[PDB]
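What follows is one structure encoded as structure tokens, with my remarks underneath.
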Amino acid sequence: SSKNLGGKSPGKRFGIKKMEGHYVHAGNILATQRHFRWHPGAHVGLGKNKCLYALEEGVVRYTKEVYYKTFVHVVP
Amino acid sequence: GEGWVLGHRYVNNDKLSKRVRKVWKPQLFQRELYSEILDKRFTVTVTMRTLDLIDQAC
Amino acid sequence: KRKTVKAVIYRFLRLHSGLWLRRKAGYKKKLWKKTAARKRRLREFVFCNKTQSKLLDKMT
Amino acid sequence: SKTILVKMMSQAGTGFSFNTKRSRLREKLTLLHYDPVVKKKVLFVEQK
RNA sequence: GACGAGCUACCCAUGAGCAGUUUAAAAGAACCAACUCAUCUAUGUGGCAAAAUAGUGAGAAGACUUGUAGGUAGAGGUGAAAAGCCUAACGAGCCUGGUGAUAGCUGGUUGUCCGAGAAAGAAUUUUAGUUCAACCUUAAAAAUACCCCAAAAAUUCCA
RNA sequence: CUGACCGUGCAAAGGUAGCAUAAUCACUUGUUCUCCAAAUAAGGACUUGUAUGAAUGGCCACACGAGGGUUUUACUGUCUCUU
RNA sequence: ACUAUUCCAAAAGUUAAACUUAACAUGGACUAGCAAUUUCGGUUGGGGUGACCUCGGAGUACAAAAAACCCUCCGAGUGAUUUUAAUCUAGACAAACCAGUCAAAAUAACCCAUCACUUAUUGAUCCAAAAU
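Residue numbers (our numbering), protein chains in the order written: chain P, 37 to 112; chain Y, 7 to 64; chain W, 23 to 82; chain V, 1260 to 1307.
What follows is the structure, given as structure tokens:
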């Protein structure tokens, strides 16, 4: 009866795993996102899936800059 | 070791398939010999191949 | 007496502490499109979960 | 055209890699690739 | 694995039975008692009877009816062939044994008191069933957890 | 109006005799005629036969039928309508 | 298993210095007509029919996740061009099981990337093979 056909796609749970003020560790996943919602800041690495991670031990901090970019930093 | 030998039969002789029991009976033919001790001609219906051994037993 | 399941005995290894060890699946075929790192980490071992480790323990 | 799966073999006689090629192409693939045994880049030729 | 053709179906062997009337030679035709069947209607419906009775109707010298002595049985027999019959229910008899077959189903599962106390995450030749999560209970330890304002991204976090 | 005739596509070859709203016809209670004061049934014809057909035979046929249908007469508690 | 065959054997003859015949009964494979064992999905506004079954993206599913219907739009079982992904140590995301992502840093030798909007584009066991 239904001519149209489509499937369902399981969620990959995109989002931010950590928050500002939290104490993280080196190698920990910060934010999993599609394309760029935000940009990597100091002491923060970029992945192939565009997922930002922490390079060294420290504290996560969010900072907005307009020259329109959003950077995430890790302060040891 | 000949008379009434009942084995099993398979298709490809490697069985993931059905196994069906099969009957095997020996061949029977007439063999005429002569016994000098009893002074009598004897008739044996017994095993063919065995006679080949008897010929070597003389 | 109880009969241990051989299916568990072959592909699993129990330590003296009761820890279970198994090989990582997926290395057997279709490695052409797979990354060498994936295969490298699939050639190593891995410890089973306690819930399943207990089940495999009862069979040994 | 179709897809053909082949391997990259060093002159040492053992293929260290496996790749694909287009069926439209005929001549065997010849490409420089790193060899972990001799620990240096050697020229690899296409093999089955 | 055996018991069953004293019921019934067919057949073998050996016997018996089928008034009377019109009629040209006619065991020849038609009608009609016995006998063999069960067309229609009614009655009977834990019955007179687990196949009936009453009226009526068919065959009634023929492919007829019947006695006695025999033969053919279930991975079959028989069947003027209906999926009928083979001891009152045969899509394949009955008895015994395998056998306490298998049943995720349905119908069931017995004294007192106390504390705590469940309604849905993904899969499955799966949806009336299972396997670990979402919960819960017992008995011990090491931790801490929540309600959570402004620093920030209805919430996600934290005094 | 219809198409003896002609042209054309296709197929191994394209239903001849006879029959036909039939144990067959969906439309359908086809149309016409007979039967009845009225006939979706019945009988007799017509044929665009959805979806007859010549030994799973075709078309008829005297006699025969506890088979399946239709119309007059005769006689009746079937019925008016029961006592 | 039964009814009929093709060959080689059992049983009989033939030449030269390796080949031909089947009366009865009995074999090994083999070719046909007969017979012997079971299977016969799920989803489903009952079932059947039809349609669908795994995966990816955009809405339904308003400012971190996730969330159904036989709701609604499009896409895949790959296509192509150039350089080539060598060994392993931390530490995390997601996660019932099993499968999936990111990756500082060390060593040996040099000094993956673009299109099909950005991502899809596959398959867990046991058993076979070019050869390890």
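Ideal Cβ placement from N, Cα and C applies to all residues, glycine included.
Shown here, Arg33 (chain W) sits in a helix according to DSSP, grouped into three states. Put simply, the region 81 to 90 of chain P does not touch the region 14 to 21 of chain Y. Fewer than three CB pairs are less than 8 angstroms apart. The straight-line gap separating the alpha-carbon atoms of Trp10 (chain Y) and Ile60 (chain Y) is approximately 22 angstroms.
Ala58 (chain W) has its alpha-carbon roughly 16 angstroms from the corresponding atom of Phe67 (chain W). Taking 8 angstroms as the cut-off, the beta carbon of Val96 (chain P) is found closer than this to the beta carbon of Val108 (chain P). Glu66 (chain W) is not bridged by DSSP to any residue. Close CB contacts of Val30 (chain W) within its chain, under the 8 angstroms cut and outside five residues either way in sequence, are with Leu78, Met81, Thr82 (chain order). The residues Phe1303, in chain order, have a CB closer than 6 angstroms to that of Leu1290 (chain V) in the same chain once the five nearest residues on each side in sequence are set aside. Residue pairing of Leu1288 (chain V) in beta bridges, as defined by DSSP: absent, with no partner found. Residue state for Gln1270 (chain V) is assigned as coil, using DSSP reduced to three classes. Judged by DSSP in its simplified three-state form, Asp58 (chain Y) adopts helix. Residues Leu91, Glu92, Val110 of the same chain have their beta carbon placed closer than 6 angstroms to that of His79 (chain P), with the five preceding and five following residues left out of the count.
Bridge pairing for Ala78 (chain P): absent [DSSP]. Taking C-beta atoms as the reference points, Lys1261 (chain V) and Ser1276 (chain V) fail to come closer than 8 angstroms. Between the C-alpha atoms of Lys105 (chain P) and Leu43 (chain W) there is a straight-line separation of about 48 angstroms. The bridge partners DSSP lists for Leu41 (chain P) come to none.
For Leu88 (chain P), the uninterrupted beta strand (DSSP E) segment begins and ends at 88 to 90. By DSSP's assignment, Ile65 (chain P) forms a beta bridge with P:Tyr89. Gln36 (chain Y) and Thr49 (chain Y) do touch by the CB rule: their CB atoms are close to 6 angstroms apart, below 8 angstroms. Setting aside the 5 residues that flank it on each side, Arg70 (chain P) is surrounded in the same chain by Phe50, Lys86, each with a C-beta closer than 8 angstroms to its C-beta; the list follows chain order.
Assigned with DSSP and collapsed to three states, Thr73 (chain W) falls in helix.
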